[PDB]
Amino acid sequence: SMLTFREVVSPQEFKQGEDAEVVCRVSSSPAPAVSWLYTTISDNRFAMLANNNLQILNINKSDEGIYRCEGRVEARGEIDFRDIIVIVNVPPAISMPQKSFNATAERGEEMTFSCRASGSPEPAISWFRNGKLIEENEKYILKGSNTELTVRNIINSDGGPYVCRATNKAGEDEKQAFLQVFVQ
């Protein structure tokens, strides 16, 4: 008969752009009246479903926060609540402002490619050459959480594309830069 919150998982994670359903399973006898707070909610994308869950259409990163599921046994003036942390994951999106680079072979030249990514959780950035993971050594320098790849001692075989990939639990992005190598 008393308010029981059987399922109020926190946090609950959702992918940006999905129609999120925030789950709150609360029971009592008589059945509970349920309201959601974040102060009461009054937005066009927000609505309570028949099962009392909170729907957030087209959920956005900015919707992230603490939402309160409140149950009331109105017959007995009993009111209880649980707070649920809503997290919004955002797939990576790479910024690679320059995609075309030139260098001249066999002059000791180096070139740095830049790749930054937005996303949540923080995307891991890796570079690939011919589909193979590039690791730091005498030829390749990686700086700034792998956002800057430097190719050292450029020769002809360094010409062609280099790919940066940005990955998190919500997705992956990739962009391709090309190095043109001239003969002296």
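Position 1 is the first residue in the sequence shown; the rest follow in order.
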Mind giving me a quick count class for deposited residues absent from the model between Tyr38 and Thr39? Options are none, 1 to 3, 4 to 9, 10 or more. 4 to 9
Would you tell me which stretch averages the higher CA B-factor in the PDB entry, 21 to 29 or 160 to 168? 21 to 29
In the PDB record, does 130 to 138 or 111 to 119 carry the higher mean Cα temperature factor? 130 to 138
Scanning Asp80, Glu74, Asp83, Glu106 for peak Cα temperature factor in the entry gives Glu74
Which third, lowest, middle or highest, does the CA B-factor of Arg152 fall in along this chain? middle
Can you work out whether the C-alpha temperature factor of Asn102 puts it in the lowest, middle or highest third of the chain? lowest
Just say lowest, middle or highest third for the CA B-factor of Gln55 relative to the other modelled residues in its chain. lowest
By the record's CA B-factor, is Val8 among the lowest, middle or highest third of residues in the chain? lowest
Mind checking which third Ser1 falls in for C-alpha B-factor across the chain? highest
